[PDB]
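> My structure is below; once you've seen it, I'll send some questions.
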Amino acid sequence: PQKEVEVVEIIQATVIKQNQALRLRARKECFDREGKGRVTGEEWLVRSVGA
Amino acid sequence: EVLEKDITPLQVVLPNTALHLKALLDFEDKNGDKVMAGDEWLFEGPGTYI
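Same order as they appear, the protein sequences are chains KB and JB. Each number in PDB author numbering corresponds to the 1-based position in the first sequence with 152 added. Each number in PDB author numbering corresponds to the 1-based position in the second sequence with 102 added.
Structure below.
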């Protein structure tokens, strides 16, 4: 724990079972796991199983 | 020397927001091109203004 950094929140990885997917909404212009540029508010879907 | 405005945190801007920076009095910026007495420009996204 440093003085120049702050823990905004603890984020528990969301479990994605098979035949399920997560709807992710980007809060800012950015990239994603695969490498697709996501603009603010553009909801996309991730189908990777696991956590 | 009187403390006009007391101790305060800095002004940080969110990635998807901007600041309406309006010059109150005539002055020259660090790059030094020109500024009117009442020009308005937009401080951009993620960063921190002085």
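We put the beta carbon where it would ideally sit given N, CA and C, even for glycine.
Kindly indicate if chain JB contains any beta-carbon less than 9 Å away from that of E156(KB).
Translated into positions along the first sequence, residue 156(KB) becomes position 4. It does not: the Cβ of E156(KB) has no partner Cβ on chain JB nearer than 9 Å.
> Check whether the stretch 109-120 of chain JB and the stretch 175-190 of chain KB are in contact - that is, three or more C-beta pairs closer than 8 Å.
Cβ pair count under 8 Å is three or more, so yes.
> Does the CB of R190(KB) have a neighbour CB from chain JB at under 9 Å?
Counting from one through the first sequence, the residue named residue 190(KB) turns up at place 38. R190(KB) does not count as touching chain JB.
> When DSSP builds the beta bridges, which residues end up paired with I162(KB)?
What you label residue 162(KB) is simply residue 10 of the first sequence in a count that begins at 1. Beta-bridge pairing links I162(KB) to no other residue.
> When you compare the CB positions of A125(JB) and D135(JB), do they come within less than 9 Å of one another, or not?
Along the second sequence, one-based indexing puts residue 125(JB) at 23. Along the second sequence, one-based indexing puts residue 135(JB) at 33. No, the pair does not count as a contact, with Cβ atoms beyond the cut-off.
> Would the beta-carbon of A173(KB) fall within 9 Å of that of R199(KB)?
The residue you call residue 173(KB) lines up with position 21 of the first sequence. The residue you call residue 199(KB) lines up with position 47 of the first sequence. Yes, the Cβ-Cβ distance between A173(KB) and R199(KB) is below 9 Å.
> Quick check: the Cα distance between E103(JB) and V114(JB), rounded to an integer number of angstroms?
Here the question's residue 103(JB) lines up with position 1 in the second sequence. Here the question's residue 114(JB) lines up with position 12 in the second sequence. Going by the C-alpha atoms only, they are around 28 Å apart.
> Going by beta carbon distance, what residues of the same chain come within less than 7 Å of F145(JB), once the five residues before and after it are set aside?
Position 43 of the second sequence holds residue 145(JB). These residues qualify, in order along the chain: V115, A120, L121, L123, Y151.
> Taking 9 Å as the threshold (beta carbon to beta carbon), is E194(KB) in contact with chain JB?
Position 42 of the first sequence, counted from the start, is the residue given in the question as residue 194(KB). It does not; no Cβ of chain JB falls within 9 Å.
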